[PDB]
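What follows is a single chain, given as structure tokens, in the form described as "closed state" in its entry title.
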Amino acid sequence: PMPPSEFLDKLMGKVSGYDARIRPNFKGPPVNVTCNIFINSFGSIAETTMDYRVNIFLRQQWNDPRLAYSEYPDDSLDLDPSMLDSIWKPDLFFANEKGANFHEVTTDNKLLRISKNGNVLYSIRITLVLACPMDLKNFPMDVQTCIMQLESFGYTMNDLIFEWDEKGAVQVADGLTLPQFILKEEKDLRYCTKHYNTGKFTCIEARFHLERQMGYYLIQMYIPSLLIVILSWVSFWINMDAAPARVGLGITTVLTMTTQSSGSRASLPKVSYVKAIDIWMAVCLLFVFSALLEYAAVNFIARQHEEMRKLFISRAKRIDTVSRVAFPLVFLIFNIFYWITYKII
């Protein structure tokens, strides 16, 4: 017969009256475009910029009755990406792009297949820099949700309708990890249907649930700040008259709590509100601060000064034995109330 390249030029030439600027079923029912994505890459989840980049295969399927044929023998055709300007394609865009591009290395990474009844499969490769706003109030113990929504730009709801297909709407590649999160295998799929002053525009979205890993912040930040508060309680087991040994241990403990905290603020994100790790670094600073002021009272009671002089020594030995039990108890009450209120969420 004739080659498929010359048949598609016959099917969409100046003859037969095809126009790429006109949607199929024009002045009729709306075009139903069904979509699914294949995620190749996922990551660089930035938090100062509040975005993440993803690398997808965007597959679209619609019906175009002007592209139906019966004369060519084979049941499917494929159009070269150079001749792709002569197809009505949907004006899909991502409502939170924040930057995107195509891939055009060795060939345009684009695909088109026109079936015999007029079904059109259109698959392109996109790198997106999609934006998701992030809530770092409980920073190591947080769960993030980053959406991916797909609108139509120029056609309203009565002309073009997007849907997820009912067989695998979001696939993810196999060997795909993240430096700080894990990606759950549960994708919410829902409609949004944007309303502007311009009109009703269709949109569908896919949600991705991210759970931050914990093991670095425990070993590097929670456990070392825990041991410094234990070292601040060694002062209560050292006797009263060892005045360089008590304020030396008292201030070199608040210095190593300051060094532990200031050295780790470079690894933390740069939001301007209080996180959950920031409460821990500040409450553990109070337990080291309050253990020097304990000895400030003990050194002051034991110098006020006969049967009266043994009362002030007995009074200062009392508070040294109260705080020997009370500070591992008050810090335990905080250590229960901290981890319950950040694992109840």
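Start at 1 and count along the sequence shown; that's the residue number. Throughout, rigid core stands for the largest set of C-alpha atoms superposing within 1.5 Å between the two forms.
The next section is about a form of this same protein that is not shown, the form described as "open state" in its entry title.
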Please find the residue from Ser264, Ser115, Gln144, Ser123 showing a Cα shift of 2 angstroms or more between this form and the one not shown, rigid core superposed. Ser264
Given a superposition on the rigid core, I'd like a yes or no on whether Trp233 shifts its C-alpha by 2 Å or more between this form and the one not shown. yes
Core-aligned C-alpha movement of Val254 between this form and the one not shown reaching 2 Å: yes
Once you line up the core, how about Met50: does its CA shift reach 2 Å between this form and the one not shown? no
